[PDB]
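These notes are about the structure you will find just below.
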Amino acid sequence: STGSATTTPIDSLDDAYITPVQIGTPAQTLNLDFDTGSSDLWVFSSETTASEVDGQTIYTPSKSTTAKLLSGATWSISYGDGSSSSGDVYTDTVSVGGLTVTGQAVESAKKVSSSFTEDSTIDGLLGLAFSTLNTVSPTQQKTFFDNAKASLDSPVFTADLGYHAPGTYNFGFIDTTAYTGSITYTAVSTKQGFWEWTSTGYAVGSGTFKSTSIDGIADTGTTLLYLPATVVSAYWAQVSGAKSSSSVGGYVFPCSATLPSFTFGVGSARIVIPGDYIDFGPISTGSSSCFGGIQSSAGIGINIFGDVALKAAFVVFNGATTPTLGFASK
């Protein structure tokens, strides 16, 4: 089997992407944030504290003839940005882009933190990291991909995120029309539960490539590119007036600037992030200070190849017995 679904930016900055997901019988379609950096499929629901729901579409398990309470199961998750959610668990039928999994754990939120409430466009998350990170207790549950894998034509999914435009998540096949050149594959460590890999280096603009190993995670659920302070400083030094602002919470730059590109290495291959992808607009409405899309990972404890990086590539998440990651230009 295969599936194919369009993923759409939630706003004009590509702060996140939403993908429609069918849950239950008859189908209830929710727009979920596909997140290769976590492993829980959770949704706003009829059980979510009412004051914490503001415009999201909710899953109502009592209206699904295939929903079953997973007795005794609870979940609770905290994300790198400080947001969180928790609740109980149902199993139900879940379909993405024509690909159907029966008996999928659908984690129903009883509580969500303010950031989730405040974002009316995201109805929940669909985790695509390794199932070892799944938070359901006392019986850990499998991700949608893990459940689908054996049925897929090939044990892969691909992320093709757009810049200020829709893109595609495919399951079970590689669309050879969706990228240019060849796909370069690179080793993955699953030790921390992430799609963790090592970039071979970087360049700033038309500058020379610096060969250096950068361990990090491919994370569709993180907006920006978080890299070591040395790398980030070298990038922003090429932008007149750019500075790190403790009050704003990162590098800012004059909105009048033209940003240089940023290149990262995948083996001997190179992925080029155009400068415009690194512009996240005014820090506050009407400001002429703009927020940078490349930020320091210092104090995160891990480097993160978030959407800023991934949207410059066609990315293969290869879930074979020994997982790997592939990157192609597009």
Side-chain angles (χ1 to χ4, degrees), residues 34-39 127-133 143 145-146 152 154-161 163 167-190 192-204 208-228 230-232 234-235 261-274 277 293-294 297 300-330:
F34 282 24
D35 181 14
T36 64
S38 70
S39 305
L128 293 166
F130 294 88
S131 294
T132 53
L133 295 181
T143 69
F145 178 55
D146 208 341
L152 295 177
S154 181
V156 305
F157 68 91
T158 64
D160 181 7
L161 302 180
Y163 167 67
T168 305
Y169 283 102
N170 290 330
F171 293 82
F173 72 106
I174 288 160
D175 178 357
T176 62
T177 73
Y179 58 88
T180 63
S182 53
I183 304 176
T184 297
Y185 290 87
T186 196
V188 165
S189 170
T190 63
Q192 295 193 87
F194 300 123
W195 292 92
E196 190 173 358
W197 65 289
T198 302
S199 173
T200 48
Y202 70 98
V204 176
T208 61
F209 187 84
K210 176 71 167 180
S211 293
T212 185
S213 298
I214 306 174
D215 296 339
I217 65 168
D219 184 2
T220 57
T222 292
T223 313
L224 307 184
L225 174 52
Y226 295 87
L227 292 173
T230 48
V231 178
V232 176
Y235 178 81
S261 63
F262 184 90
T263 300
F264 64 93
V266 182
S268 53
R270 305 288 181 254
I271 299 294
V272 180
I273 306 171
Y277 289 26
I294 296 178
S297 65
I300 293 176
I302 199 160
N303 299 306
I304 309 175
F305 294 88
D307 299 334
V308 163
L310 303 181
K311 76 184 165 199
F314 177 88
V315 188
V316 181
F317 294 80
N318 171 27
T321 303
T322 301
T324 65
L325 272 171
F327 294 81
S329 295
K330 66 187 185 190

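As a basis for the values below, the full set of heavy atoms in this structure was taken, side chains included, without hydrogen atoms, waters or symmetry mates. Numbers here simply count residues along the sequence, with the first being 1.
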Open item on the list: Here's a test for you: under side-chain contact (heavy atoms from CB on, under 4.5 Å), which of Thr132, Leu133, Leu128 qualifies with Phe130?
Closed with: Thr132
TODO: List the steps and the verdict of side-chain contact (heavy atoms from CB on, under 4.5 Å) for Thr220 and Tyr169.
DONE: CA-CA 11 Å; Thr220 57; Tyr169 283 102; 3.3 Å; yes
Open item on the list: Parallel, tilted or perpendicular: which one describes the rings of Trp195 and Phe317, with boundaries at 30° and 60°?
Closed with: perpendicular
Open item on the list: Can you confirm whether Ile174 sits close enough to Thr158 that some side-chain heavy atom of one is under 4.5 Å from a side-chain heavy atom of the other?
Closed with: yes
Task: Spacing of CD1 belonging to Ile294 relative to OH belonging to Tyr226, to within rounding of 0.5 Å - done: 11.5 Å
Open item on the list: Measuring from atom CG of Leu227 to atom CZ of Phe264, what distance do you get when rounded to the nearest 0.5 angstrom?
Closed with: 9.5 Å
- [ ] Not counting sequence neighbours, which residues clear side-chain contact (heavy atoms from CB on, under 4.5 Å) with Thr212? List them please.
- [x] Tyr202, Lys210, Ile214
- [ ] Start with the C-alpha distance between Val231 and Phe262, add both sets of side-chain angles, then the distance that settles side-chain contact (heavy atoms from CB on, under 4.5 Å), and finish with yes or no.
- [x] CA-CA 10 Å; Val231 178; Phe262 184 90; 3.8 Å; yes
Task: Straight-line distance of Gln192 CD to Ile217 CD1, nearest 0.5 Å - done: 8.5 Å
Task: Partner of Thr263 by side-chain contact (heavy atoms from CB on, under 4.5 Å), out of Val272, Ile273, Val204 - done: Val272
Task: Nearest heavy atoms of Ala129 and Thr143, plus distance in Å - done: O-CG2, 3.5 Å
TODO: Determine which pairs satisfy side-chain hydrogen bond (donor to acceptor under 3.5 Å, both in side chains) with at least one residue from residues 170-180, sequence neighbours left out, and list them in order.
DONE: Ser4-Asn170, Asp175-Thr177
TODO: Grab the two heavy atoms, one from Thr198 and one from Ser213, that are nearest each other, plus how far apart they are.
DONE: CG2-CB, 3.6 Å
Task: Sub-4.5 Å side-chain heavy-atom contact between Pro228 and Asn303 - done: yes
TODO: Of all the heavy-atom pairs spanning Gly293 and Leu224, show the shortest one and how long it is.
DONE: O-CB, 3.5 Å
I'd like a table of donor-acceptor pairs (distance under 3.5 Å, sequence neighbours excluded) in which one partner is a side-chain atom from residues 321-330, with atom names and distances.
from	atom 1	to	atom 2	distance (Å)
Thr324	OG1	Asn318	ND2	2.9
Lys330	NZ	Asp160	OD1	2.8
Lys330	NZ	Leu161	O	2.8
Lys330	NZ	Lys311	O	3.2
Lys330	NZ	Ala313	O	2.8

- [ ] Please examine the side chains of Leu225 and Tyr277, heavy atoms only from C-beta on, and report whether any two atoms are closer than 4.5 Å.
- [x] no
TODO: For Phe34 and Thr36, run side-chain contact (heavy atoms from CB on, under 4.5 Å): C-alpha distance rounded to whole Å, both residues' side-chain angles, the deciding distance at 0.1 Å, then the answer.
DONE: CA-CA 7 Å; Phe34 282 24; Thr36 64; over 6 Å; no
Open item on the list: For the backbone of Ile300 and the side chain of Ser297, can you confirm whether one donor and one acceptor N or O come within less than 3.5 Å of each other?
Closed with: no
- [ ] Take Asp219 and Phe194, measure what side-chain contact (heavy atoms from CB on, under 4.5 Å) needs, and give me the verdict at the end.
- [x] CA-CA 8 Å; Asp219 184 2; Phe194 300 123; over 6 Å; no
